[PDB]
Each structure stands twice: as structure tokens, then as C-alpha cells.
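So this block is protein_35.tsv, TSV, N, CA and C atoms:
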chain	number	residue	atom	x	y	z
R	84	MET	N	0.83	-1.20	0.00
R	84	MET	CA	0.00	0.00	0.00
R	84	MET	C	0.87	1.25	0.00
R	85	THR	N	1.60	1.41	1.10
R	85	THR	CA	2.31	2.64	1.42
R	85	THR	C	3.83	2.48	1.41
R	86	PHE	N	4.52	3.43	0.77
R	86	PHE	CA	5.98	3.42	0.75
R	86	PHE	C	6.55	4.67	1.37
R	87	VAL	N	7.85	4.65	1.59
R	87	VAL	CA	8.54	5.75	2.23
R	87	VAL	C	9.74	6.14	1.38
R	88	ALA	N	10.03	7.43	1.35
R	88	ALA	CA	11.04	7.95	0.45
R	88	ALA	C	12.40	7.72	1.05
R	89	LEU	N	13.26	6.99	0.34
R	89	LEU	CA	14.59	6.72	0.87
R	89	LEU	C	15.47	7.91	0.62
R	90	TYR	N	15.22	8.62	-0.48
R	90	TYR	CA	16.06	9.74	-0.87
R	90	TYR	C	15.20	10.91	-1.26
R	91	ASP	N	15.81	12.09	-1.21
R	91	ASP	CA	15.27	13.27	-1.86
R	91	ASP	C	15.19	13.01	-3.36
R	92	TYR	N	14.18	13.60	-4.00
R	92	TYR	CA	14.17	13.64	-5.44
R	92	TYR	C	13.60	14.96	-5.92
R	93	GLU	N	14.31	15.61	-6.83
R	93	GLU	CA	13.85	16.89	-7.37
R	93	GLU	C	13.28	16.64	-8.75
R	94	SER	N	12.11	17.20	-9.03
R	94	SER	CA	11.42	16.87	-10.27
R	94	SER	C	12.20	17.44	-11.43
R	95	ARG	N	12.20	16.71	-12.53
R	95	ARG	CA	12.91	17.10	-13.73
R	95	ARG	C	11.93	17.52	-14.82
R	96	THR	N	10.64	17.22	-14.67
R	96	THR	CA	9.69	17.57	-15.73
R	96	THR	C	8.38	18.01	-15.13
R	97	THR	N	7.35	18.16	-15.96
R	97	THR	CA	6.10	18.65	-15.47
R	97	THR	C	5.28	17.54	-14.88
R	98	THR	N	5.70	16.29	-15.02
R	98	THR	CA	4.84	15.19	-14.58
R	98	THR	C	5.45	14.36	-13.46
R	99	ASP	N	6.72	14.56	-13.15
R	99	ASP	CA	7.28	13.75	-12.05
R	99	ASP	C	6.99	14.47	-10.70
R	100	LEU	N	7.08	13.74	-9.60
R	100	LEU	CA	6.81	14.30	-8.29
R	100	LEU	C	8.10	14.54	-7.53
R	101	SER	N	8.30	15.76	-7.06
R	101	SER	CA	9.40	16.03	-6.12
R	101	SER	C	9.05	15.47	-4.76
R	102	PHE	N	10.04	15.01	-4.02
R	102	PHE	CA	9.79	14.64	-2.63
R	102	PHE	C	11.08	14.63	-1.85
R	103	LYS	N	10.97	14.72	-0.54
R	103	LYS	CA	12.17	14.70	0.29
R	103	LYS	C	12.24	13.33	0.97
R	104	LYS	N	13.44	12.86	1.35
R	104	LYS	CA	13.55	11.60	2.08
R	104	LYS	C	12.64	11.60	3.30
R	105	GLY	N	11.95	10.47	3.49
R	105	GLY	CA	11.09	10.28	4.63
R	105	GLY	C	9.60	10.51	4.36
R	106	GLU	N	9.25	11.05	3.20
R	106	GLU	CA	7.83	11.26	2.91
R	106	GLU	C	7.17	9.89	2.75
R	107	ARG	N	5.89	9.82	3.04
R	107	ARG	CA	5.08	8.63	2.83
R	107	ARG	C	4.27	8.78	1.55
R	108	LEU	N	4.39	7.80	0.66
R	108	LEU	CA	3.76	7.85	-0.66
R	108	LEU	C	2.85	6.65	-0.91
R	109	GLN	N	1.75	6.88	-1.61
R	109	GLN	CA	0.85	5.79	-2.01
R	109	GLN	C	0.86	5.67	-3.50
R	110	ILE	N	1.02	4.44	-3.97
R	110	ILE	CA	1.03	4.24	-5.40
R	110	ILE	C	-0.37	4.33	-5.94
R	111	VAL	N	-0.50	5.13	-6.97
R	111	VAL	CA	-1.76	5.33	-7.63
R	111	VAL	C	-1.92	4.33	-8.74
R	112	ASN	N	-3.06	3.65	-8.76
R	112	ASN	CA	-3.37	2.74	-9.85
R	112	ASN	C	-3.83	3.54	-11.06
R	113	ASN	N	-3.06	3.48	-12.15
R	113	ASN	CA	-3.48	4.09	-13.43
R	113	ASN	C	-3.58	3.04	-14.54
R	114	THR	N	-4.27	3.43	-15.60
R	114	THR	CA	-4.49	2.57	-16.74
R	114	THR	C	-3.16	2.31	-17.48
R	115	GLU	N	-2.25	3.27	-17.43
R	115	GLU	CA	-1.03	3.21	-18.23
R	115	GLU	C	-0.04	2.13	-17.78
R	116	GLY	N	-0.14	1.72	-16.52
R	116	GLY	CA	0.84	0.81	-15.92
R	116	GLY	C	2.15	1.48	-15.49
R	117	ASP	N	3.16	0.69	-15.14
R	117	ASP	CA	4.48	1.18	-14.82
R	117	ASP	C	5.05	1.85	-16.05
R	118	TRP	N	5.95	2.80	-15.86
R	118	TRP	CA	6.68	3.34	-16.98
R	118	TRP	C	8.11	2.83	-16.98
R	119	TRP	N	8.54	2.42	-18.17
R	119	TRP	CA	9.88	1.91	-18.44
R	119	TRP	C	10.60	2.82	-19.44
R	120	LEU	N	11.90	2.98	-19.25
R	120	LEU	CA	12.77	3.52	-20.28
R	120	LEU	C	13.02	2.49	-21.37
R	121	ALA	N	12.67	2.87	-22.59
R	121	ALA	CA	12.76	1.94	-23.69
R	121	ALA	C	13.50	2.60	-24.85
R	122	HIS	N	14.12	1.74	-25.65
R	122	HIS	CA	14.73	2.10	-26.91
R	122	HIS	C	13.98	1.49	-28.05
R	123	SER	N	13.57	2.31	-29.02
R	123	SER	CA	12.87	1.76	-30.17
R	123	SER	C	13.85	1.24	-31.20
R	124	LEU	N	13.76	-0.05	-31.48
R	124	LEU	CA	14.65	-0.64	-32.47
R	124	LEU	C	14.15	-0.24	-33.83
R	125	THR	N	12.88	0.10	-33.90
R	125	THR	CA	12.28	0.56	-35.14
R	125	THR	C	12.69	1.97	-35.54
R	126	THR	N	12.77	2.90	-34.60
R	126	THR	CA	12.98	4.30	-34.98
R	126	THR	C	14.28	4.86	-34.48
R	127	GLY	N	14.89	4.18	-33.50
R	127	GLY	CA	16.17	4.65	-32.95
R	127	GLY	C	15.97	5.62	-31.77
R	128	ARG	N	14.73	6.04	-31.53
R	128	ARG	CA	14.45	6.96	-30.43
R	128	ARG	C	14.36	6.23	-29.10
R	129	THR	N	14.46	6.99	-28.02
R	129	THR	CA	14.53	6.43	-26.67
R	129	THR	C	13.83	7.32	-25.65
R	130	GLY	N	13.10	6.69	-24.73
R	130	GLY	CA	12.44	7.42	-23.68
R	130	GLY	C	11.44	6.51	-22.99
R	131	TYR	N	10.67	7.08	-22.07
R	131	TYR	CA	9.83	6.30	-21.18
R	131	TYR	C	8.56	5.95	-21.85
R	132	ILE	N	8.10	4.73	-21.59
R	132	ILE	CA	6.92	4.21	-22.22
R	132	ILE	C	5.99	3.64	-21.18
R	133	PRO	N	4.68	3.60	-21.48
R	133	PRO	CA	3.74	2.97	-20.55
R	133	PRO	C	3.68	1.49	-20.76
R	134	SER	N	4.02	0.71	-19.74
R	134	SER	CA	4.25	-0.70	-19.92
R	134	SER	C	3.02	-1.39	-20.45
R	135	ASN	N	1.86	-0.91	-20.06
R	135	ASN	CA	0.65	-1.53	-20.54
R	135	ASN	C	0.43	-1.33	-22.04
R	136	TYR	N	1.33	-0.65	-22.73
R	136	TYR	CA	1.12	-0.40	-24.15
R	136	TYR	C	1.82	-1.42	-25.03
R	137	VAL	N	2.57	-2.31	-24.39
R	137	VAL	CA	3.46	-3.20	-25.08
R	137	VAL	C	3.38	-4.61	-24.51
R	138	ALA	N	3.82	-5.56	-25.31
R	138	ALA	CA	3.89	-6.96	-24.90
R	138	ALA	C	5.18	-7.57	-25.42
R	139	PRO	N	5.64	-8.68	-24.80
R	139	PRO	CA	6.82	-9.36	-25.35
R	139	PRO	C	6.55	-9.95	-26.72
K	84	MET	N	13.43	-9.61	-23.20
K	84	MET	CA	14.35	-8.72	-23.91
K	84	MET	C	13.58	-7.67	-24.69
K	85	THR	N	12.83	-8.15	-25.67
K	85	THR	CA	12.22	-7.33	-26.70
K	85	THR	C	10.69	-7.33	-26.63
K	86	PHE	N	10.09	-6.14	-26.72
K	86	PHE	CA	8.63	-6.02	-26.73
K	86	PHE	C	8.14	-5.37	-28.00
K	87	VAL	N	6.83	-5.41	-28.20
K	87	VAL	CA	6.21	-4.88	-29.39
K	87	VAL	C	5.07	-3.97	-28.99
K	88	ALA	N	4.89	-2.91	-29.75
K	88	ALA	CA	3.94	-1.87	-29.38
K	88	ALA	C	2.55	-2.32	-29.75
K	89	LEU	N	1.66	-2.40	-28.77
K	89	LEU	CA	0.30	-2.84	-29.06
K	89	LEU	C	-0.48	-1.67	-29.61
K	90	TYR	N	-0.15	-0.47	-29.16
K	90	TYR	CA	-0.89	0.72	-29.55
K	90	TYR	C	0.06	1.82	-29.93
K	91	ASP	N	-0.46	2.77	-30.70
K	91	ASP	CA	0.19	4.06	-30.89
K	91	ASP	C	0.28	4.75	-29.54
K	92	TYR	N	1.35	5.53	-29.36
K	92	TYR	CA	1.40	6.44	-28.25
K	92	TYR	C	2.08	7.73	-28.66
K	93	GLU	N	1.45	8.85	-28.35
K	93	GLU	CA	2.01	10.16	-28.68
K	93	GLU	C	2.60	10.76	-27.42
K	94	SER	N	3.81	11.28	-27.51
K	94	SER	CA	4.51	11.73	-26.30
K	94	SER	C	3.81	12.93	-25.75
K	95	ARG	N	3.78	13.03	-24.44
K	95	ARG	CA	3.14	14.12	-23.74
K	95	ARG	C	4.17	15.03	-23.10
K	96	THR	N	5.43	14.61	-23.01
K	96	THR	CA	6.43	15.46	-22.35
K	96	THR	C	7.76	15.35	-23.06
K	97	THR	N	8.81	15.89	-22.47
K	97	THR	CA	10.08	15.89	-23.12
K	97	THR	C	10.80	14.58	-22.90
K	98	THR	N	10.30	13.72	-22.03
K	98	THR	CA	11.05	12.52	-21.69
K	98	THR	C	10.36	11.22	-22.09
K	99	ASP	N	9.10	11.29	-22.50
K	99	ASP	CA	8.45	10.02	-22.89
K	99	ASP	C	8.76	9.75	-24.39
K	100	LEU	N	8.58	8.51	-24.82
K	100	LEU	CA	8.86	8.13	-26.19
K	100	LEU	C	7.57	7.96	-26.97
K	101	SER	N	7.46	8.66	-28.10
K	101	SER	CA	6.36	8.38	-29.04
K	101	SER	C	6.63	7.08	-29.77
K	102	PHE	N	5.58	6.35	-30.10
K	102	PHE	CA	5.77	5.20	-30.97
K	102	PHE	C	4.47	4.80	-31.61
K	103	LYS	N	4.55	4.07	-32.71
K	103	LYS	CA	3.33	3.64	-33.39
K	103	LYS	C	3.14	2.15	-33.09
K	104	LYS	N	1.90	1.64	-33.14
K	104	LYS	CA	1.67	0.21	-32.95
K	104	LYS	C	2.55	-0.60	-33.90
K	105	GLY	N	3.15	-1.66	-33.35
K	105	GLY	CA	3.96	-2.58	-34.12
K	105	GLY	C	5.47	-2.33	-34.00
K	106	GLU	N	5.89	-1.23	-33.40
K	106	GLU	CA	7.33	-1.00	-33.26
K	106	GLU	C	7.89	-2.04	-32.28
K	107	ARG	N	9.15	-2.37	-32.44
K	107	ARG	CA	9.87	-3.24	-31.53
K	107	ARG	C	10.73	-2.41	-30.59
K	108	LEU	N	10.55	-2.63	-29.29
K	108	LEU	CA	11.21	-1.83	-28.26
K	108	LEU	C	12.04	-2.69	-27.30
K	109	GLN	N	13.18	-2.18	-26.86
K	109	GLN	CA	13.99	-2.86	-25.86
K	109	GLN	C	14.02	-2.05	-24.60
K	110	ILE	N	13.78	-2.72	-23.48
K	110	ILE	CA	13.79	-2.02	-22.22
K	110	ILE	C	15.20	-1.72	-21.82
K	111	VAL	N	15.42	-0.46	-21.48
K	111	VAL	CA	16.71	-0.01	-21.05
K	111	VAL	C	16.82	-0.13	-19.55
K	112	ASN	N	17.91	-0.74	-19.10
K	112	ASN	CA	18.17	-0.83	-17.67
K	112	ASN	C	18.72	0.51	-17.19
K	113	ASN	N	17.98	1.18	-16.30
K	113	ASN	CA	18.47	2.41	-15.65
K	113	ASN	C	18.53	2.24	-14.13
K	114	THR	N	19.27	3.15	-13.51
K	114	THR	CA	19.45	3.14	-12.07
K	114	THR	C	18.13	3.49	-11.35
K	115	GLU	N	17.29	4.28	-12.01
K	115	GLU	CA	16.09	4.82	-11.36
K	115	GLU	C	15.02	3.77	-11.09
K	116	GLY	N	15.04	2.67	-11.84
K	116	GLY	CA	13.99	1.65	-11.78
K	116	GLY	C	12.72	2.03	-12.57
K	117	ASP	N	11.65	1.26	-12.39
K	117	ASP	CA	10.36	1.56	-12.98
K	117	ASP	C	9.87	2.87	-12.43
K	118	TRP	N	9.05	3.58	-13.18
K	118	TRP	CA	8.38	4.74	-12.63
K	118	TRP	C	6.92	4.45	-12.36
K	119	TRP	N	6.49	4.88	-11.18
K	119	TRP	CA	5.12	4.75	-10.69
K	119	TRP	C	4.50	6.13	-10.46
K	120	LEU	N	3.22	6.23	-10.74
K	120	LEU	CA	2.41	7.35	-10.28
K	120	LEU	C	2.11	7.22	-8.80
K	121	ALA	N	2.52	8.23	-8.05
K	121	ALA	CA	2.39	8.18	-6.62
K	121	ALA	C	1.74	9.46	-6.11
K	122	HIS	N	1.07	9.31	-4.97
K	122	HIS	CA	0.53	10.41	-4.21
K	122	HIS	C	1.25	10.56	-2.91
K	123	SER	N	1.75	11.77	-2.62
K	123	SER	CA	2.44	11.98	-1.36
K	123	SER	C	1.44	12.27	-0.26
K	124	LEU	N	1.44	11.41	0.76
K	124	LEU	CA	0.53	11.61	1.87
K	124	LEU	C	1.10	12.72	2.72
K	125	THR	N	2.39	12.93	2.61
K	125	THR	CA	3.06	14.01	3.32
K	125	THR	C	2.77	15.40	2.78
K	126	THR	N	2.74	15.57	1.47
K	126	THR	CA	2.64	16.92	0.91
K	126	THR	C	1.37	17.16	0.14
K	127	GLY	N	0.69	16.07	-0.25
K	127	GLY	CA	-0.57	16.20	-1.00
K	127	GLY	C	-0.32	16.24	-2.52
K	128	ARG	N	0.94	16.33	-2.94
K	128	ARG	CA	1.26	16.37	-4.36
K	128	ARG	C	1.26	14.97	-4.97
K	129	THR	N	1.19	14.93	-6.29
K	129	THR	CA	1.04	13.67	-7.02
K	129	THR	C	1.78	13.70	-8.35
K	130	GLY	N	2.44	12.59	-8.68
K	130	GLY	CA	3.13	12.48	-9.94
K	130	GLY	C	4.03	11.26	-9.91
K	131	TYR	N	4.82	11.09	-10.97
K	131	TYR	CA	5.58	9.88	-11.19
K	131	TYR	C	6.84	9.91	-10.40
K	132	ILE	N	7.20	8.76	-9.86
K	132	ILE	CA	8.35	8.64	-9.01
K	132	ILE	C	9.21	7.48	-9.46
K	133	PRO	N	10.51	7.53	-9.16
K	133	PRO	CA	11.38	6.40	-9.50
K	133	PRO	C	11.33	5.35	-8.43
K	134	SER	N	10.91	4.14	-8.78
K	134	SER	CA	10.57	3.15	-7.78
K	134	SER	C	11.77	2.83	-6.91
K	135	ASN	N	12.95	2.89	-7.48
K	135	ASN	CA	14.12	2.60	-6.69
K	135	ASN	C	14.40	3.65	-5.61
K	136	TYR	N	13.56	4.68	-5.51
K	136	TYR	CA	13.83	5.72	-4.53
K	136	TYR	C	13.08	5.50	-3.23
K	137	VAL	N	12.24	4.47	-3.22
K	137	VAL	CA	11.31	4.25	-2.14
K	137	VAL	C	11.26	2.79	-1.75
K	138	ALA	N	10.78	2.55	-0.54
K	138	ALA	CA	10.59	1.20	-0.01
K	138	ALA	C	9.27	1.13	0.73
K	139	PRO	N	8.71	-0.08	0.91
K	139	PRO	CA	7.50	-0.20	1.72
K	139	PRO	C	7.75	0.15	3.18

Could the structure of this file be written out as C-alpha cells, please?
Amino acid sequence: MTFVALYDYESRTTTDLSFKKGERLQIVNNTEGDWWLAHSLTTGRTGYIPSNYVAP
Amino acid sequence: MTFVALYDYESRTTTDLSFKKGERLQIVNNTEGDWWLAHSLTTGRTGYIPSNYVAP
């Protein structure tokens, strides 16, 4: 259910969450799933993807 | 190792990857881990966090 921040994190974009070590966080269930850093073998581009959009 | 895009996805920020259905993608191993949408019970803010930054 609930996690705790091991480290400070400063947001790098408009969608990530800043937090300081020790905060208590709850994971939100979204349709998109976990996000992974991926490389497209098709296009050569790279960045984060919604795991629920892909399959092995 | 390798996944395939089930759906089109259009990037919403500077760090996500756009792709069209059918592309082949490889997951990149990063230090940050998976990213989760989280809600901070401490601050009330919400957004994506690097899973490796937190523990239960």
C-alpha cells in the first residue's frame, strides 16, 4: 500500500513528483501501468513508455 | 528482452517516447527503476516517481 522515500528527489519535468527523504507515498493505480525507459529498435528513439502499451 | 507496441502512443512530455503500434522496443536498464504514479501523503502532491527511490 504505502511506501517511504529513501532519498530526496527533485522533479525534472512537469509530470514527475518532487519529494524529500522520509515522505510517505501511495502508489496510484493508473491505466497506463508502470513506466519503463525503452529504446525503439524501429525508430532509434529512446524514452519512457507505458508498460501496458506493449507486450513481449 | 524485446517487446512490441500494441498501440500508438504520442509523447506528452520531453522525456516520454512516441511510438506507433507494431514497433519493436527494448527495455533499457536504468538506475532509477520503474516509474510509478504516486501520491504523497506528506505533501498532498502527485506524480511519477522512480521506484528505486522508495521502499514499503

Would you mind listing, as a count of residues only, all residues of chain K that have at least one atom within 6 Å of chain R, where only C-alpha atoms are what counts? 32

So for stretch 109-119 of chain R, what box centre and size do we get, axis-aligned, 3 Å extra on each of the six sides, every listed atom, Å to one decimal, as lines of an AutoDock Vina configuration file?
center_x = 3.1
center_y = 3.8
center_z = -10.5
size_x = 21.1
size_y = 12.2
size_z = 23.8

May I have chain K as a compact mmCIF listing (two decimals) with N, CA and C atoms, in the frame of the given file, after a least-squares superposition on chain R that uses all C-alpha atoms paired in order?
# COMPACT_ATOMS: atom_id res chain seq x y z
N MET K 84 0.83 -1.20 0.00
CA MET K 84 0.00 0.00 0.00
C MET K 84 0.87 1.25 0.00
N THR K 85 1.61 1.41 1.09
CA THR K 85 2.30 2.64 1.42
C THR K 85 3.83 2.48 1.41
N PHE K 86 4.52 3.43 0.77
CA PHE K 86 5.98 3.42 0.74
C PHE K 86 6.55 4.67 1.37
N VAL K 87 7.86 4.66 1.59
CA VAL K 87 8.55 5.75 2.22
C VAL K 87 9.74 6.14 1.38
N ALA K 88 10.02 7.43 1.35
CA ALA K 88 11.04 7.95 0.45
C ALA K 88 12.40 7.72 1.05
N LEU K 89 13.26 6.99 0.34
CA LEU K 89 14.59 6.72 0.87
C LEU K 89 15.47 7.92 0.62
N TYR K 90 15.22 8.62 -0.47
CA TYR K 90 16.05 9.74 -0.87
C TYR K 90 15.20 10.91 -1.26
N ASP K 91 15.81 12.09 -1.21
CA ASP K 91 15.27 13.27 -1.86
C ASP K 91 15.19 13.01 -3.36
N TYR K 92 14.18 13.59 -4.00
CA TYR K 92 14.17 13.64 -5.44
C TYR K 92 13.60 14.96 -5.91
N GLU K 93 14.31 15.61 -6.82
CA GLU K 93 13.86 16.89 -7.37
C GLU K 93 13.28 16.64 -8.75
N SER K 94 12.12 17.20 -9.03
CA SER K 94 11.42 16.87 -10.28
C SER K 94 12.20 17.44 -11.43
N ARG K 95 12.20 16.72 -12.53
CA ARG K 95 12.90 17.10 -13.73
C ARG K 95 11.93 17.51 -14.82
N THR K 96 10.64 17.22 -14.66
CA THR K 96 9.69 17.57 -15.73
C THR K 96 8.37 18.01 -15.13
N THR K 97 7.35 18.16 -15.96
CA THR K 97 6.10 18.65 -15.48
C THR K 97 5.28 17.54 -14.87
N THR K 98 5.69 16.29 -15.03
CA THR K 98 4.85 15.19 -14.59
C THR K 98 5.45 14.36 -13.46
N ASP K 99 6.72 14.57 -13.15
CA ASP K 99 7.28 13.75 -12.05
C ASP K 99 6.99 14.47 -10.70
N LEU K 100 7.08 13.74 -9.60
CA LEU K 100 6.81 14.29 -8.29
C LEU K 100 8.10 14.53 -7.54
N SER K 101 8.30 15.77 -7.06
CA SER K 101 9.40 16.03 -6.12
C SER K 101 9.05 15.47 -4.75
N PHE K 102 10.05 15.01 -4.02
CA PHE K 102 9.79 14.65 -2.64
C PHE K 102 11.07 14.62 -1.85
N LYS K 103 10.97 14.72 -0.54
CA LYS K 103 12.17 14.70 0.30
C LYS K 103 12.24 13.32 0.97
N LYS K 104 13.44 12.86 1.35
CA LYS K 104 13.55 11.59 2.07
C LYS K 104 12.64 11.60 3.30
N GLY K 105 11.94 10.47 3.49
CA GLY K 105 11.09 10.27 4.64
C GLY K 105 9.60 10.51 4.35
N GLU K 106 9.25 11.05 3.20
CA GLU K 106 7.83 11.26 2.91
C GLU K 106 7.16 9.88 2.75
N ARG K 107 5.89 9.81 3.04
CA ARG K 107 5.08 8.63 2.83
C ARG K 107 4.26 8.78 1.56
N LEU K 108 4.39 7.80 0.67
CA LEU K 108 3.77 7.86 -0.65
C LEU K 108 2.85 6.66 -0.92
N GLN K 109 1.74 6.88 -1.60
CA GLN K 109 0.86 5.79 -2.01
C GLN K 109 0.85 5.67 -3.50
N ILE K 110 1.01 4.44 -3.97
CA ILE K 110 1.03 4.23 -5.40
C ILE K 110 -0.37 4.33 -5.94
N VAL K 111 -0.50 5.14 -6.98
CA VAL K 111 -1.76 5.33 -7.63
C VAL K 111 -1.92 4.33 -8.75
N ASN K 112 -3.06 3.66 -8.76
CA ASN K 112 -3.37 2.74 -9.85
C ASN K 112 -3.83 3.55 -11.06
N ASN K 113 -3.06 3.48 -12.15
CA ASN K 113 -3.47 4.09 -13.43
C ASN K 113 -3.58 3.04 -14.53
N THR K 114 -4.27 3.44 -15.60
CA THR K 114 -4.49 2.57 -16.74
C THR K 114 -3.16 2.31 -17.49
N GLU K 115 -2.25 3.27 -17.42
CA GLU K 115 -1.03 3.21 -18.24
C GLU K 115 -0.05 2.14 -17.78
N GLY K 116 -0.13 1.72 -16.52
CA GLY K 116 0.84 0.80 -15.92
C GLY K 116 2.15 1.49 -15.49
N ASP K 117 3.15 0.69 -15.14
CA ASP K 117 4.48 1.18 -14.82
C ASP K 117 5.05 1.85 -16.04
N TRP K 118 5.94 2.80 -15.86
CA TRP K 118 6.68 3.33 -16.98
C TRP K 118 8.11 2.83 -16.98
N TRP K 119 8.54 2.42 -18.17
CA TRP K 119 9.88 1.92 -18.44
C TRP K 119 10.60 2.82 -19.45
N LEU K 120 11.89 2.97 -19.25
CA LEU K 120 12.77 3.52 -20.28
C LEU K 120 13.02 2.49 -21.37
N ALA K 121 12.67 2.87 -22.59
CA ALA K 121 12.76 1.95 -23.69
C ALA K 121 13.49 2.60 -24.85
N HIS K 122 14.12 1.74 -25.65
CA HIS K 122 14.72 2.10 -26.91
C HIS K 122 13.98 1.49 -28.05
N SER K 123 13.57 2.31 -29.03
CA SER K 123 12.86 1.76 -30.17
C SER K 123 13.85 1.24 -31.20
N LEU K 124 13.76 -0.06 -31.48
CA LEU K 124 14.66 -0.64 -32.46
C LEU K 124 14.15 -0.24 -33.83
N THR K 125 12.88 0.09 -33.90
CA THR K 125 12.28 0.57 -35.14
C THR K 125 12.69 1.97 -35.55
N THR K 126 12.76 2.90 -34.61
CA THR K 126 12.98 4.30 -34.98
C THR K 126 14.28 4.86 -34.48
N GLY K 127 14.89 4.18 -33.49
CA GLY K 127 16.18 4.65 -32.95
C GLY K 127 15.97 5.62 -31.77
N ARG K 128 14.73 6.04 -31.52
CA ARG K 128 14.45 6.96 -30.43
C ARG K 128 14.36 6.23 -29.09
N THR K 129 14.46 6.99 -28.02
CA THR K 129 14.53 6.43 -26.67
C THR K 129 13.83 7.32 -25.65
N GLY K 130 13.10 6.69 -24.73
CA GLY K 130 12.43 7.42 -23.68
C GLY K 130 11.44 6.51 -22.99
N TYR K 131 10.67 7.08 -22.07
CA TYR K 131 9.83 6.31 -21.18
C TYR K 131 8.55 5.95 -21.85
N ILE K 132 8.09 4.74 -21.59
CA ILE K 132 6.92 4.22 -22.22
C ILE K 132 5.98 3.64 -21.18
N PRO K 133 4.68 3.59 -21.49
CA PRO K 133 3.74 2.97 -20.55
C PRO K 133 3.68 1.49 -20.76
N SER K 134 4.02 0.71 -19.74
CA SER K 134 4.26 -0.70 -19.92
C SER K 134 3.01 -1.39 -20.45
N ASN K 135 1.86 -0.91 -20.06
CA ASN K 135 0.65 -1.53 -20.54
C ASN K 135 0.42 -1.34 -22.04
N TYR K 136 1.33 -0.65 -22.73
CA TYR K 136 1.12 -0.40 -24.15
C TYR K 136 1.81 -1.42 -25.02
N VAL K 137 2.57 -2.30 -24.38
CA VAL K 137 3.46 -3.21 -25.08
C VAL K 137 3.39 -4.60 -24.51
N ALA K 138 3.81 -5.56 -25.31
CA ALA K 138 3.89 -6.97 -24.90
C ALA K 138 5.18 -7.57 -25.41
N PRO K 139 5.64 -8.68 -24.81
CA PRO K 139 6.82 -9.36 -25.35
C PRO K 139 6.56 -9.95 -26.72

N, CA, C and O atoms of stretch 125-137 of chain K from block above, as an mmCIF file, in the first residue's frame:
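Once everything was written out, this is out_13.cif:
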data_model
loop_
_atom_site.group_PDB
_atom_site.id
_atom_site.type_symbol
_atom_site.label_atom_id
_atom_site.label_comp_id
_atom_site.auth_asym_id
_atom_site.auth_seq_id
_atom_site.Cartn_x
_atom_site.Cartn_y
_atom_site.Cartn_z
ATOM 1 N N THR K 125 2.394 12.934 2.607
ATOM 2 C CA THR K 125 3.058 14.006 3.324
ATOM 3 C C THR K 125 2.771 15.400 2.779
ATOM 4 O O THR K 125 2.583 16.327 3.547
ATOM 5 N N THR K 126 2.736 15.568 1.466
ATOM 6 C CA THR K 126 2.645 16.918 0.908
ATOM 7 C C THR K 126 1.371 17.162 0.136
ATOM 8 O O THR K 126 1.023 18.327 -0.148
ATOM 9 N N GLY K 127 0.687 16.072 -0.247
ATOM 10 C CA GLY K 127 -0.570 16.199 -0.999
ATOM 11 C C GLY K 127 -0.321 16.239 -2.521
ATOM 12 O O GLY K 127 -1.270 16.176 -3.320
ATOM 13 N N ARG K 128 0.943 16.332 -2.935
ATOM 14 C CA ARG K 128 1.258 16.369 -4.358
ATOM 15 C C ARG K 128 1.256 14.972 -4.970
ATOM 16 O O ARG K 128 1.365 13.979 -4.273
ATOM 17 N N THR K 129 1.190 14.925 -6.291
ATOM 18 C CA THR K 129 1.044 13.670 -7.017
ATOM 19 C C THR K 129 1.781 13.697 -8.352
ATOM 20 O O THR K 129 1.774 14.716 -9.044
ATOM 21 N N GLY K 130 2.441 12.593 -8.682
ATOM 22 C CA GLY K 130 3.129 12.475 -9.945
ATOM 23 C C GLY K 130 4.031 11.263 -9.907
ATOM 24 O O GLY K 130 4.016 10.514 -8.937
ATOM 25 N N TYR K 131 4.824 11.094 -10.969
ATOM 26 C CA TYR K 131 5.580 9.875 -11.186
ATOM 27 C C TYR K 131 6.837 9.906 -10.400
ATOM 28 O O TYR K 131 7.483 10.948 -10.306
ATOM 29 N N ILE K 132 7.196 8.755 -9.857
ATOM 30 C CA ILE K 132 8.349 8.636 -9.007
ATOM 31 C C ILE K 132 9.207 7.483 -9.462
ATOM 32 O O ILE K 132 8.692 6.534 -10.044
ATOM 33 N N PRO K 133 10.512 7.533 -9.163
ATOM 34 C CA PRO K 133 11.377 6.400 -9.505
ATOM 35 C C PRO K 133 11.331 5.347 -8.434
ATOM 36 O O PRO K 133 11.697 5.643 -7.312
ATOM 37 N N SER K 134 10.910 4.143 -8.780
ATOM 38 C CA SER K 134 10.574 3.147 -7.783
ATOM 39 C C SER K 134 11.765 2.833 -6.908
ATOM 40 O O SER K 134 11.633 2.553 -5.723
ATOM 41 N N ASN K 135 12.951 2.894 -7.481
ATOM 42 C CA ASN K 135 14.120 2.600 -6.688
ATOM 43 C C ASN K 135 14.395 3.654 -5.613
ATOM 44 O O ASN K 135 15.353 3.536 -4.860
ATOM 45 N N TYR K 136 13.560 4.682 -5.510
ATOM 46 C CA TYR K 136 13.828 5.724 -4.526
ATOM 47 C C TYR K 136 13.077 5.500 -3.227
ATOM 48 O O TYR K 136 13.224 6.273 -2.273
ATOM 49 N N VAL K 137 12.241 4.470 -3.219
ATOM 50 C CA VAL K 137 11.307 4.255 -2.143
ATOM 51 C C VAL K 137 11.261 2.787 -1.746
ATOM 52 O O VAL K 137 11.618 1.892 -2.529
#
